[PDB]
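See below for the structure under consideration.
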Protein chains: 4
Amino acid sequence: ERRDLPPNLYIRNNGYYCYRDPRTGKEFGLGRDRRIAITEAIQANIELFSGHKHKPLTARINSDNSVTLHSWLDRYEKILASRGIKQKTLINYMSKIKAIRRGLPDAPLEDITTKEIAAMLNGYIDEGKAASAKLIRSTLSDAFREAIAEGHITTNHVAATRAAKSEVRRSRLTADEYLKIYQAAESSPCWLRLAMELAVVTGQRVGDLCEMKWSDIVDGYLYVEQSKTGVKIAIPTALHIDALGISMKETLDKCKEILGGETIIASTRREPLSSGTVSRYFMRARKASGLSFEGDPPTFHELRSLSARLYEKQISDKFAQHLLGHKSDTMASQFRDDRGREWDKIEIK
Amino acid sequence: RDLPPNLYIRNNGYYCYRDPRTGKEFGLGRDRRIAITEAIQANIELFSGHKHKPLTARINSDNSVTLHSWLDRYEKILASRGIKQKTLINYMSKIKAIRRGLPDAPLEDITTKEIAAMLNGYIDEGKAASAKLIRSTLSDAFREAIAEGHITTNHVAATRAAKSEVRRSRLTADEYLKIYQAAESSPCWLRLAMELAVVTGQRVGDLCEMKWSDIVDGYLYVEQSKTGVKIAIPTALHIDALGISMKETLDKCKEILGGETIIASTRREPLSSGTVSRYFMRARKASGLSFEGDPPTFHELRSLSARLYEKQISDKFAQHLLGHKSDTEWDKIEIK
Amino acid sequence: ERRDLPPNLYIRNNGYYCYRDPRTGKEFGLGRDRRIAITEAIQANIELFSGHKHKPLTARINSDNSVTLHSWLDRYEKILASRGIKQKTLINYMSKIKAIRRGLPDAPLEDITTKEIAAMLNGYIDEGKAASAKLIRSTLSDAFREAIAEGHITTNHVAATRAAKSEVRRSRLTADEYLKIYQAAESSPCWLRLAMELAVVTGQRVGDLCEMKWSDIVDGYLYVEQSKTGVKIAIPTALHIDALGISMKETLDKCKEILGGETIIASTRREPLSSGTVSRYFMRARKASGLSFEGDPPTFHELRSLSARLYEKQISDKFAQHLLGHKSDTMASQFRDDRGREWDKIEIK
Amino acid sequence: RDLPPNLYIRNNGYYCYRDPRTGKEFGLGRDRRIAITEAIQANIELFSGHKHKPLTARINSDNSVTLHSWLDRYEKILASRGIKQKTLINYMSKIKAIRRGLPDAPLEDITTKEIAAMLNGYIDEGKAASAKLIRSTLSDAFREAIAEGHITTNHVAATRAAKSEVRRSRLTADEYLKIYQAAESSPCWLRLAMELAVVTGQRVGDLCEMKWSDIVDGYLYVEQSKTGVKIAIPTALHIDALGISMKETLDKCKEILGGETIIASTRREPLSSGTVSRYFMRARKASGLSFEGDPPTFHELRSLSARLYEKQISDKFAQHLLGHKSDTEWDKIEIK
DNA sequence: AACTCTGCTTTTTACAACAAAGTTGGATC
DNA sequence: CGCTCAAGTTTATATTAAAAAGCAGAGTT
DNA sequence: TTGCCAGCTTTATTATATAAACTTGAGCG
DNA sequence: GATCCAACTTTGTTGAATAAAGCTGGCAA
DNA sequence: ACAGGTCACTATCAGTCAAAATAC
DNA sequence: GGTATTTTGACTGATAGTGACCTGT
DNA sequence: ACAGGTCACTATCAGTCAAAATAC
DNA sequence: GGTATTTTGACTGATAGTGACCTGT
């Protein structure tokens with residue numbers, strides 16, 4: 001007869017015991033009492049046998065009596081409904097939540113770790129969904145605060161994490177290209193044209209463009225109530241874009257004769273259209289024009305950016321700023337940037 | 001029988017640890033050896049260590065004051081802050097509010113959660129604003145509570161103040177006229193007050209405070225109850241869009257009202273701030289107009305007052321009359 | 001004969017032991033062991049007799065290395081000298097320290113309590129030296145920060161407390177009063193007058209005033225380098241204050257003839273003066289004029305405030321701002337404010 | 001025996017508790033019973049427990065990390081961030097600095113204190129700025145350390161950044177002239193580079209990268225290496241205060257220098273950024289002028305360039321030229 | 001009056017991270 | 001017909017903090 | 001011929017604490 | 001006679017967060 | 001028969017307050 | 001003469017340690 | 001004559017490592 | 001024929017409990 005040497009467990013020359021995780025190779029100190037070594041030994045022998053632990057009481061206490069991710073998000077949700085926000089803001093957020101449900105365990109909050117979070121966050125970076133991550137993060141983040149504001153938690157695990165910063169990919173649109181798409185838009189219904197023209201001439205948001213009524217015009221002035229920021233403007237029917245040969249007045253009355261409807265921009269059956277279709281068809285003429293660009297191809301909104309860019313040089317910087325329904329002075333210097341396209345010709349000026 | 005504290009055994013020989021905090025017990029397993037183990041682990045968590053030095057008489061008694069009892073001294077702390085008789089009461093109301101929202105346990109013991117709990121209570125009934133001030137004050141009391149070191153941490157600070165869109169709607173020129181009209185069944189000063197109010201754009205609270213002694217060589221001296229700003233309004237003002245002249249307003253007051261105050265009762269005596277708005281109110285409802293949100297109120301007259309003075313003379317004037325010193329729609333895109 | 005019941009200590013009906021602080025009246029729980037009760041009991045009987053406590057090994061660790069106020073303040077000091085600051089900023093701070101030294105215990109950091117801080121802080125309010133309190137506080141605070149920055153501590157006890165808020169007492173000066181003082185200034189040496197006039201016409205800081213050289217003037221413009229903010233200006237020798245009948249040029253040549261020295265403002269023995277004396281004598285003239293004010297009587301700098309207030313109404317608000325060496329938007333408004341004194345008469349304009 | 005751990009007795013029958021942390025021993029008294037008491041007290045403080053479950057092997061390990069070992073992987077994640085090769089080495093230099101300032105112990109065990117300690121070391125020597133960047137970086141490393149959860153807490157964050165006053169003095173028009181003159185003993189390109197630099201107000205780093213192929217129909221195309229901004233400088237510019245014409249400067253470069261690069265070596269090849277500034281330096285010293293603080297340097301020329309363009313034509317022009325995008329002594333108060 | 005010490009009250013006014021460069025002291029081919 | 005309460009909303013203004021002063025009552029030559 | 005649901009990218013503005021009020025239902029002398 | 005690093009200092013560029021969009025893919029009629 | 005847990009209830013527990021028990 | 005404070009124990013609210021009684025596999 | 005508190009000094013203590021010793 | 005893992009008994013750095021020495025009253 002020899003020894004009852006629990007596997008993985010070894011003894012030292014004086015009679016001191018260690019357990020060796022064969023995972024890392026690192027030994028561990030137990031004590032002097034064979035009896036007790038033994039015991040702890042076996043416990044660990046079954047752990048390797050299955051990510052299953054005798055988890056400390058500390059743990060098991062704190063547990064059952066404090067949250068559950070999905071369960072709180074569910075409440076998160078409702079709190080948002082309360083904030084008093086615009087219907088779409090909401091759903092943007094909603095989407096992200098959803099995102100989280102699907103990225104994370106429905107476990108207890110404090111038991112969510114930084115790493116787990118980053119882990120899924122990074123999942124979204126690696127696929128090239130940089131921007132996403134930001135918002136996902138951002139929101140998740142919030143959810144927490146508030147969760148903490150309702151004291152289920154003590155600390156935001158997210159805020160320890162780093163926001164992916166995103167270099168914008170959408171290329172800009174040059175005067176040349178517009179004309180080349182204006183041309184391709186031939187096979188497209190007649191309103192796309194006018195919308196285009198209008199778009200550049202008023203430099204207004206597509207969303208708002210689809211909302212203008214013929215009753216919005218009084219004594220040579222087009223009144224617009226911006227949907228996004230609520231700022232109010234009256235655009236004079238006198239404007240003209242010299243670089244592309246478009247007159248606002250001339251654009252507007254083509255819309256009265258050929259489109260005819262309550263909306264300045266209207267469908268072929270005389271009804272107002274959806275923001276999304278207008279960019280949607282502009283998209284088609286983009287592909288149909290066949291031009292090549294670096295990164296993502298420009299889109300409709302781009303029209304508003306070209307609009308400001310040609311307004312800047314035609315009359316003034318202060319003018320481009322005012323038409324855009326645009327107040328701040330951090331962006332007339334970021335709605336001016338070319339993003340690598342064509343060379344800011346410094347003049348003798 | 002070495003049965004560690006808070007851990008108990010069952011019929012079969014099943015072991016359980018009981019959190020005394022909740023009362024719920026917990027499953028362990030079958031080996032006393034390992035039960036024990038986790039047992040003490042547990043009794044370290046809730047209880048890390050044990051004794052105390054009876055030199056923690058001399059420490060742990062005055063450590064616990066309790067909400068209500070501190071609020072009680074909070075109060076008196078405020079009394080010394082040196083502020084306006086009403087301000088105090090505002091606050092006071094808050095407190096009370098709190099009294100009725102929270103247990104009377106010790107400070108240390110109150111939870112973030114519990115707090116918002118009630119806070120939210122106030123949102124959900126639609127009394128946002130209140131929330132704010134409740135919060136905000138609760139907060140304070142805590143601050144100074146830690147000021148005197150009964151605690152460590154402002155639990156409040158972690159919570160969020162609701163943000164409140166104001167509902168009181170504004171009053172337009174049309175409507176005022178419509179009310180001035182309904183004001184017929186009302187005692188005569190209402191009208192005068194109204195006019196006065198629009199014309200002087202002054203706070204009802206001060207309006208009720210104006211003496212005929214306040215007028216010297218064509219100038220009305222006002223000492224603003226609220227901010228202490230001093231102004232002299234010239235007897236020459238007139239609001240064109242509604243056809244009221246200050247001077248013609250003022251002399252109607254001396255003839256039909258006759259009293260120490262410019263605005264007075266039918267019994268020749270000074271009126272109370274609240275009555276003024278109060279009767280205005282009745283005229284509101286008797287006019288029968290509808291609006292969006294809550295109906296405008298007397299103060300509103302000061303707002304209309306400025307809105308019509310901005311257009312008639314200048315924005316600089318509106319600010320001057322109101323009692324304002326500093327600064328804090330349909331834009332015109334010019335041809336330049 | 002019966003028993004050895006240590007005073008303050010009593011027994012219960014079943015044999016449970018408690019000590020009664022007679023200080024409070026409140027009892028406390030010991031246990032079952034007569035022997036051990038006894039023990040803790042005597043410990044307590046000592047305590048009553050000496051502030052002295054058998055304090056913890058706990059305590060007794062953290063203290064032979066976790067510093068001492070005065071000791072750290074001494075090091076605070078030094079950090080300050082390194083911050084790269086103006087020679088007097090320094091002393092201001094310095095004075096406050098000192099303040100602290102004399103307000104508080106030379107104990108260990110974490111042992112300082114908020115209340116102790118308050119207590120002294122209040123000492124300073126109660127005496128009416130409101131503002132002081134502020135800066136004391138402020139700095140103490142800082143000292144702590146940094147102390148925390150070097151980890152002797154973990155928590156700013158300071159920040160818990162609140163800063164006295166100070167209503168400014170210095171009354172302002174009206175045009176009439178200036179005349180009144182200009183008059184009593186007769187008994188005073190000649191430069192006083194000139195300085196006064198100069199001060200109001202230049203609206204410049206006395207400190208800068210005393211540092212102007214005749215070499216600072218070229219081609220009808222006076223160059224000034226403000227010592228306080230470093231702002232650089234050129235005042236034209238053409239200025240005139242009509243409400244008081246003072247011409248910059250006429251004022252300046254008075255200085256050349258009767259004062260004669262390197263400095264535009266100079267002593268009777270042709271040397272540069274000390275900022276303080278200037279104010280100092282102005283004071284004398286103040287007292288000797290005999291006028292009554294509410295709160296504290298205005299003083300020389302006040303000349304700068306008068307200067308702006310009469311510049312405001314004479315030419316423009318934009319001009320008053322340019323002359324001062326003052327830039328932003330919280331001040332050419334917290335300088336046109338009145339403070340009890342004058343009633344803002346509104347007009348028909 | 002009864003003798004509790006870390007408590008030792010002396011030859012007399014004197015009791016002491018030895019703090020294992022420092023090594024320092026502590027006095028208690030003569031009574032064993034009391035000794036013991038406070039003893040274990042002590043022994044809860046440092047260690048309450050002593051035990052773990054060996055089932056806390058599966059947590060102790062991969063938790064256990066050490067500075068240098070992490071910095072080691074810190075490094076690697078930097079390489080992935082996608083940045084310009086120099087940025088990286090800046091960073092890496094910092095790293096190194098850290099290695100040399102701090103123990104290679106485990107993260108959790110690094111104290112605020114020690115950090116400051118070393119940071120201040122860099123202050124005291126007058127290397128203000130460095131401290132900042134060291135800090136800055138160290139901080140980051142920690143952040144992402146926690147991002148992978150070996151730690152809880154950024155001890156850095158509690159520390160403060162030295163704030164530093166810029167020492168490099170400015171260059172005035174007179175001085176440049178005096179340097180241009182001393183530059184006579186220097187190879188010919190120096191002069192040209194200098195002129196070019198002022199006239200183009202371009203980064204030395206970019207100056208040395210300009211090709212004769214960069215010029216089309218009177219315009220010099222420059223792609224700024226530092227921020228990627230693209231500009232076309234017209235060959236018609238001239239600086240009046242110093243008598244230098246861009247076109248005249250450019251063609252002295254084609255005849256005297258002759259090479260693919262507009263600025264070139266004596267052997268017709270492209271020069272190293274560093275050399276250019278380097279020789280400029282020589283001419284500085286050789287000019288013999290005195291300055292307050294650190295002496296101006298080549299880049300200085302770009303600053304001069306802007307200062308003289310501001311006054312000659314416009315503030316909007318100087319902005320356009322330097323690849324400056326947005327806005328970020330004496331101002332004549334005329335009587336307006 | 002002239003000159004420094006001192007305990008006080010006012011005026012003024014505002015950076016932090018990331019990036020990605022630029023300046024110069026010695027160690028190498 | 002007016003009051004003072006109370007539970008609620010609304011409007012005005014001062015908001016931190018680390019730097020540079022300024023100003024008058026002594027003590028001392 | 002449109003129509004909205006569902007998963008991504010982009011475009012914009014930017015605030016919180018103190019004081020000190022005013023509103024207005026209720027019940028009170 | 002120039003190179004390359006390594007250690008240091010600059011200078012330009014973006015900084016969070018919430019809020020409100022926009023734009024192509026399909027499966028639904 | 002048994003893992004995971006709950007109840008309901010008396011036999012210490014941790015303590016108060018006013019009447020008996022000397023002390024200023 | 002007579003009120004600050006010590007003690008002493010019947011009067012008292014509460015939790016701990018048992019075991020009876022769920023429950024859901 | 002001793003409270004307070006420090007040194008040195010080897011016998012555990014808590015391991016790592018590359019040979020020796022079977023598994024796959 | 002020849003790589004994964006377990007043991008295991010000399011090789012190694014650091015503390016823990018002892019006393020042998022300090023020293024300021």
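Residues in the structure tokens are numbered from 1 in each chain, the chains being A, B, ... in the order shown, and ligands are numbered from 1 in the order shown.
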
So that I can check the surroundings of residue H:17, please list as a PyMOL selection string every protein, DNA and RNA residue that reaches within 12 Å of it, counting only C-alpha atoms (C1' of nucleotides) and ignoring chain neighbours fewer than 3 positions away. (chain A and resi 134-135+137-139+141-142+163) or (chain G and resi 12-14)

Could you list the residues in chain L lying within 10 Å of chain D, using only C-alpha atoms (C1' of nucleotides), and format the result as a PDB file with N, CA and C atoms (P, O5', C5', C4', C3', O3' and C1' of nucleotides), in the first residue's frame?
ATOM      1  P    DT L  15       8.220  39.947   1.182  1.00  0.00           P
ATOM      2  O5'  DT L  15       7.520  40.619   2.648  1.00  0.00           O
ATOM      3  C5'  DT L  15       7.729  40.429   4.150  1.00  0.00           C
ATOM      4  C4'  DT L  15       7.300  39.010   4.645  1.00  0.00           C
ATOM      5  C3'  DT L  15       7.250  38.839   6.138  1.00  0.00           C
ATOM      6  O3'  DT L  15       5.937  38.690   6.486  1.00  0.00           O
ATOM      7  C1'  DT L  15       8.245  36.707   5.090  1.00  0.00           C
ATOM      8  P    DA L  16       5.675  38.292   8.002  1.00  0.00           P
ATOM      9  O5'  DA L  16       6.080  36.792   8.293  1.00  0.00           O
ATOM     10  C5'  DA L  16       5.083  35.806   8.437  1.00  0.00           C
ATOM     11  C4'  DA L  16       5.272  34.928   9.672  1.00  0.00           C
ATOM     12  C3'  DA L  16       5.037  35.598  11.038  1.00  0.00           C
ATOM     13  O3'  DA L  16       4.722  34.670  12.106  1.00  0.00           O
ATOM     14  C1'  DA L  16       7.304  35.013  10.755  1.00  0.00           C
ATOM     15  P    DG L  17       3.905  35.054  13.433  1.00  0.00           P
ATOM     16  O5'  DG L  17       4.659  34.284  14.602  1.00  0.00           O
ATOM     17  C5'  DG L  17       6.024  34.256  14.447  1.00  0.00           C
ATOM     18  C4'  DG L  17       6.761  33.270  15.302  1.00  0.00           C
ATOM     19  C3'  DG L  17       6.941  33.709  16.761  1.00  0.00           C
ATOM     20  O3'  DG L  17       7.110  32.597  17.669  1.00  0.00           O
ATOM     21  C1'  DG L  17       8.908  34.245  15.430  1.00  0.00           C
ATOM     22  P    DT L  18       7.104  32.720  19.270  1.00  0.00           P
ATOM     23  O5'  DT L  18       8.663  32.707  19.691  1.00  0.00           O
ATOM     24  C5'  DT L  18       9.491  33.766  20.160  1.00  0.00           C
ATOM     25  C4'  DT L  18      10.909  33.552  19.655  1.00  0.00           C
ATOM     26  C3'  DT L  18      12.049  34.217  20.388  1.00  0.00           C
ATOM     27  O3'  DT L  18      12.494  33.406  21.390  1.00  0.00           O
ATOM     28  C1'  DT L  18      12.298  34.548  18.072  1.00  0.00           C
ATOM     29  P    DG L  19      12.231  33.937  22.871  1.00  0.00           P
ATOM     30  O5'  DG L  19      13.205  35.165  23.065  1.00  0.00           O
ATOM     31  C5'  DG L  19      14.425  34.914  23.725  1.00  0.00           C
ATOM     32  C4'  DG L  19      15.609  35.143  22.808  1.00  0.00           C
ATOM     33  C3'  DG L  19      16.496  36.331  23.194  1.00  0.00           C
ATOM     34  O3'  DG L  19      17.582  35.955  24.129  1.00  0.00           O
ATOM     35  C1'  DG L  19      15.792  36.513  20.871  1.00  0.00           C
ATOM     36  P    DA L  20      19.031  36.672  24.295  1.00  0.00           P
ATOM     37  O5'  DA L  20      19.439  37.005  22.774  1.00  0.00           O
ATOM     38  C5'  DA L  20      20.755  36.794  22.269  1.00  0.00           C
ATOM     39  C4'  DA L  20      21.261  37.972  21.434  1.00  0.00           C
ATOM     40  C3'  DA L  20      21.968  39.112  22.187  1.00  0.00           C
ATOM     41  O3'  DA L  20      23.045  39.632  21.364  1.00  0.00           O
ATOM     42  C1'  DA L  20      20.238  39.976  20.932  1.00  0.00           C
TER      43       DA L  20
END

Based on only C-alpha atoms (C1' of nucleotides), which of the residues in chain C come within 9 Å of chain E? I want them as JSON, numbers by chain. {"C": [95, 129, 131, 132, 168, 169, 170, 228, 229, 326, 328, 331]}

Write the residues you've just listed into a file as a short mmCIF file (atom, residue, chain, number, x, y, z; two decimals), in the first residue's frame, and include N, CA and C atoms for each of them.
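Wrote part.cif, looks like this:
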data_model
loop_
_atom_site.label_atom_id
_atom_site.label_comp_id
_atom_site.auth_asym_id
_atom_site.auth_seq_id
_atom_site.Cartn_x
_atom_site.Cartn_y
_atom_site.Cartn_z
N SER C 95 -0.93 84.47 2.90
CA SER C 95 -1.61 85.02 4.03
C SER C 95 -2.73 84.07 4.44
N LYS C 129 -16.19 89.28 8.12
CA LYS C 129 -15.16 89.18 7.09
C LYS C 129 -15.52 88.06 6.11
N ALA C 131 -16.03 87.80 2.80
CA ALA C 131 -15.19 87.44 1.68
C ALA C 131 -13.98 86.59 2.07
N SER C 132 -13.31 86.97 3.14
CA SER C 132 -12.14 86.26 3.58
C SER C 132 -12.48 84.82 3.51
N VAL C 168 -21.22 92.92 -2.42
CA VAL C 168 -20.19 93.97 -2.47
C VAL C 168 -20.68 95.24 -1.76
N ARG C 169 -19.84 95.80 -0.88
CA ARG C 169 -20.21 96.95 -0.03
C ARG C 169 -19.76 98.35 -0.58
N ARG C 170 -18.57 98.39 -1.16
CA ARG C 170 -18.04 99.61 -1.78
C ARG C 170 -19.10 100.34 -2.61
N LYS C 228 -2.11 93.61 -14.60
CA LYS C 228 -3.07 92.60 -14.11
C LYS C 228 -3.47 91.49 -15.11
N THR C 229 -3.82 91.88 -16.34
CA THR C 229 -4.29 90.94 -17.38
C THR C 229 -3.39 90.81 -18.64
N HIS C 326 -10.53 95.54 -20.28
CA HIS C 326 -11.54 94.55 -20.01
C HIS C 326 -12.18 94.04 -21.33
N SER C 328 -14.76 90.56 -22.09
CA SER C 328 -15.97 89.71 -22.27
C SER C 328 -17.39 90.31 -22.21
N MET C 331 -19.28 91.65 -17.18
CA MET C 331 -18.66 92.83 -16.53
C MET C 331 -18.93 94.30 -16.97
#

Proximal residues of chain H relative to chain A (only C-alpha atoms (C1' of nucleotides); 10 Å) as a PyMOL selection string: chain H and resi 17-24

Save out the residues we just selected, N, CA and C atoms (P, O5', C5', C4', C3', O3' and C1' of nucleotides), as a PDB file, in the first residue's frame.
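Writing done, so here's out-v4.pdb:
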ATOM      1  P    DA H  17     -20.060  61.081 -21.692  1.00  0.00           P
ATOM      2  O5'  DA H  17     -21.179  62.169 -21.884  1.00  0.00           O
ATOM      3  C5'  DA H  17     -22.046  61.928 -22.929  1.00  0.00           C
ATOM      4  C4'  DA H  17     -23.154  62.892 -22.724  1.00  0.00           C
ATOM      5  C3'  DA H  17     -24.522  62.267 -22.958  1.00  0.00           C
ATOM      6  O3'  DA H  17     -25.603  62.916 -22.178  1.00  0.00           O
ATOM      7  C1'  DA H  17     -23.948  63.860 -24.608  1.00  0.00           C
ATOM      8  P    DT H  18     -26.667  62.023 -21.401  1.00  0.00           P
ATOM      9  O5'  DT H  18     -28.092  62.345 -21.971  1.00  0.00           O
ATOM     10  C5'  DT H  18     -28.160  62.291 -23.296  1.00  0.00           C
ATOM     11  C4'  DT H  18     -29.000  63.442 -23.706  1.00  0.00           C
ATOM     12  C3'  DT H  18     -30.265  62.920 -24.359  1.00  0.00           C
ATOM     13  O3'  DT H  18     -31.309  63.918 -24.567  1.00  0.00           O
ATOM     14  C1'  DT H  18     -28.779  63.738 -25.973  1.00  0.00           C
ATOM     15  P    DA H  19     -32.736  63.645 -25.241  1.00  0.00           P
ATOM     16  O5'  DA H  19     -32.494  64.267 -26.659  1.00  0.00           O
ATOM     17  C5'  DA H  19     -32.588  65.682 -26.761  1.00  0.00           C
ATOM     18  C4'  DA H  19     -32.668  66.016 -28.242  1.00  0.00           C
ATOM     19  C3'  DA H  19     -33.806  65.281 -28.957  1.00  0.00           C
ATOM     20  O3'  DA H  19     -34.472  66.127 -29.828  1.00  0.00           O
ATOM     21  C1'  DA H  19     -31.775  64.767 -29.978  1.00  0.00           C
ATOM     22  P    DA H  20     -35.964  65.781 -30.188  1.00  0.00           P
ATOM     23  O5'  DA H  20     -35.656  65.582 -31.737  1.00  0.00           O
ATOM     24  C5'  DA H  20     -35.164  66.619 -32.606  1.00  0.00           C
ATOM     25  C4'  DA H  20     -34.510  66.092 -33.891  1.00  0.00           C
ATOM     26  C3'  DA H  20     -35.322  65.166 -34.836  1.00  0.00           C
ATOM     27  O3'  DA H  20     -35.774  65.715 -36.118  1.00  0.00           O
ATOM     28  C1'  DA H  20     -33.036  64.402 -34.505  1.00  0.00           C
ATOM     29  P    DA H  21     -37.159  65.331 -36.867  1.00  0.00           P
ATOM     30  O5'  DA H  21     -37.051  63.971 -37.706  1.00  0.00           O
ATOM     31  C5'  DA H  21     -35.862  63.236 -37.922  1.00  0.00           C
ATOM     32  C4'  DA H  21     -34.738  64.005 -38.622  1.00  0.00           C
ATOM     33  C3'  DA H  21     -34.285  63.529 -40.031  1.00  0.00           C
ATOM     34  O3'  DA H  21     -34.512  64.529 -41.060  1.00  0.00           O
ATOM     35  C1'  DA H  21     -32.569  63.140 -38.353  1.00  0.00           C
ATOM     36  P    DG H  22     -34.515  64.197 -42.608  1.00  0.00           P
ATOM     37  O5'  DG H  22     -33.022  63.766 -42.783  1.00  0.00           O
ATOM     38  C5'  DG H  22     -32.478  63.612 -44.056  1.00  0.00           C
ATOM     39  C4'  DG H  22     -31.563  62.426 -43.908  1.00  0.00           C
ATOM     40  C3'  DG H  22     -31.509  61.476 -45.098  1.00  0.00           C
ATOM     41  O3'  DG H  22     -30.356  61.732 -45.904  1.00  0.00           O
ATOM     42  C1'  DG H  22     -31.567  60.362 -42.952  1.00  0.00           C
ATOM     43  P    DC H  23     -30.542  61.683 -47.480  1.00  0.00           P
ATOM     44  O5'  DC H  23     -30.721  60.111 -47.704  1.00  0.00           O
ATOM     45  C5'  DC H  23     -29.559  59.346 -47.463  1.00  0.00           C
ATOM     46  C4'  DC H  23     -29.715  57.851 -47.273  1.00  0.00           C
ATOM     47  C3'  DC H  23     -30.252  57.033 -48.439  1.00  0.00           C
ATOM     48  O3'  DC H  23     -29.349  55.917 -48.671  1.00  0.00           O
ATOM     49  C1'  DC H  23     -31.232  56.382 -46.486  1.00  0.00           C
ATOM     50  P    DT H  24     -28.733  55.681 -50.140  1.00  0.00           P
ATOM     51  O5'  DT H  24     -29.559  54.399 -50.680  1.00  0.00           O
ATOM     52  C5'  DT H  24     -28.932  53.172 -51.118  1.00  0.00           C
ATOM     53  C4'  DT H  24     -29.433  51.937 -50.378  1.00  0.00           C
ATOM     54  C3'  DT H  24     -30.396  50.993 -51.102  1.00  0.00           C
ATOM     55  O3'  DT H  24     -29.938  49.621 -50.976  1.00  0.00           O
ATOM     56  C1'  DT H  24     -31.121  51.339 -48.969  1.00  0.00           C
TER      57       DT H  24
END

To one decimal place, how far is atom CA of residue D:324 from atom CA of residue D:229 in Å?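 Interatomic distance here is 8.4 Å.
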
DSSP on the backbone, helix (DSSP H, G or I) only: what residues of stretch 105-268 of chain C does that give? Format it as a ChimeraX atom specification. /C:109-111,114-126,130-149,158-160,175-187,190-202,206-209,214-216,248-258

Distance cut-off 10 Å, counting only C-alpha atoms (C1' of nucleotides) - which residues of chain C neighbour chain I? Return them as a list in words.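 Matching residues, ligands excluded from the count: residues 12, 14, 16, 17, 18, 26, 27, 28, 29, 30 and 31 of chain C.
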
For residue C:217, find every residue with an atom within 10 Å (counting only C-alpha atoms (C1' of nucleotides)), except residues of its own chain fewer than 3 positions away, and show them as a VMD selection string. chain C and resid 212 to 214 220 to 224 234 to 237

With C-alpha atoms kept, could you save the residues just selected as a compact mmCIF listing (two decimals), in the first residue's frame?
# COMPACT_ATOMS: atom_id res chain seq x y z
CA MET C 212 3.34 104.96 -17.31
CA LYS C 213 6.49 106.47 -18.84
CA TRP C 214 6.67 109.59 -21.08
CA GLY C 220 -0.60 111.11 -30.09
CA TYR C 221 -1.18 107.65 -28.53
CA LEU C 222 -0.48 106.41 -25.03
CA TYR C 223 0.70 102.80 -24.94
CA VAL C 224 -0.27 100.80 -21.88
CA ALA C 234 -3.15 102.59 -27.13
CA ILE C 235 -5.19 105.49 -25.79
CA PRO C 236 -5.38 108.56 -28.12
CA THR C 237 -4.29 111.88 -26.52

Residual C-alpha RMSD for chain B onto chain D, least squares, all atoms in order?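 Result of the CA superposition: 0.7 Å.
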